[PDB]
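As a starting point, one isolated chain is supplied in structure tokens, in the form deposited in one PDB entry.
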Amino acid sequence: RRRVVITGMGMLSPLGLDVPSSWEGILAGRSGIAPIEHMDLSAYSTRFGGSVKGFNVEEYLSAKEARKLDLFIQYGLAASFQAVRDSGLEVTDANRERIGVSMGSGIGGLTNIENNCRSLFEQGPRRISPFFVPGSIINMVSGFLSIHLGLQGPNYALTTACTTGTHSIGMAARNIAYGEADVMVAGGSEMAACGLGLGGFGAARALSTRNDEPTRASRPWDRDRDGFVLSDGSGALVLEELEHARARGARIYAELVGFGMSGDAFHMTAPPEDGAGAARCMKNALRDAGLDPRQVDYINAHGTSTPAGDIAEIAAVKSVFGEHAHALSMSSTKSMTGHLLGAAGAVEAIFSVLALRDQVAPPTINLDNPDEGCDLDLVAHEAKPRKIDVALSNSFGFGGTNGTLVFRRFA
């Protein structure tokens, strides 16, 4: 098993059109949530969310290449191209077989699907776009990235709702550790803010309806939370074998030392109150990393601002970490970004690596009145400079699908 490091990163989020802009918002405690302007939601129960603002796909692709592609693919490609540029890696005939891709999505091309269904119902099947299928199916992020950059290694795509970006990064790391690849571009992307998306989640009563104050909507572990905030964007990491990164003089942000999974096997959307599945997942990830719970300094929580979800994670952290639960810092950056679904674990793995780089825990904004038992250091309200040698990122997603990543300062 070879060591795996992070050498490039890329992002579109509700806080910015790249990583440094996003992270500057994060550390300032800025909200990226606002009334949605890209469509008319006056008929809907939730009318706000986390949108990517001012994205120009022409920075990344020709007009010819871009018109075929759903926004979730456009966003995954943007993050991907940023991460490859940031890495400095040169792709050649000598290494292309050894560079793969694993970009995922929770729901994929819902906008294109809705628009092609309109054509179908109103006009007939021959009005469907000839690019509908390739521009909309989930594995075409990985497909198009590999074609655009000539990447010939392992090529696949995860779809695990809120855990997508976490699993994608973890499994890509396993590719590298196993010797299937030397480099992987991994992460996720999502653009589910169409009528079907907001309508669908609203019908399931999953979303906050705090339409009067959108920036106060996402409030993880706060007694007045009322559901998650739907957000859009992408994240991508360049994962690299350690000897390969060193031989080319790559800048190394951090090491990816552990990856853990479990299933709650409990309920379609609420975890058990004791967070038993989440606990097993975190332990699995710590043990994969060869770390004791006392070695953990920062956790970037799943923390979506849901009743059952948020408290289960508090219970799970207490179970795993014992008295040390009170020494570590845990925060939910979803307090500012909302829930990017398939891209959540990607952008949050980035925020974890950057907490390492900058020695600072990002805040949980809006944490005005912590609920019963929510008495840990949840970094309420403002960023906390502190020693961080080891950072976790948790994703405890729809269906009870759990993943945890463990990153460490590189030495």
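For every residue, the number given is its place in the sequence shown, counted from 1.
Below, we turn to the form deposited with a small molecule bound, even though it does not appear here.
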Open item on the list: Residues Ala312, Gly397 and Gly400 are flagged as a possible site; in the deposited complex, is every one of them within 4.5 Å of the small molecule by some non-hydrogen atom?
Closed with: yes
Open item on the list: Within 4.5 Å, heavy atoms only, one stretch in 245 to 253, 319 to 327, 290 to 298, 270 to 278 touches the small molecule in the deposited complex. Which?
Closed with: 270 to 278
Open item on the list: With a cut-off of 4.5 Å between heavy atoms, is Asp264 one of the residues that contacts the small molecule in the deposited complex?
Closed with: yes
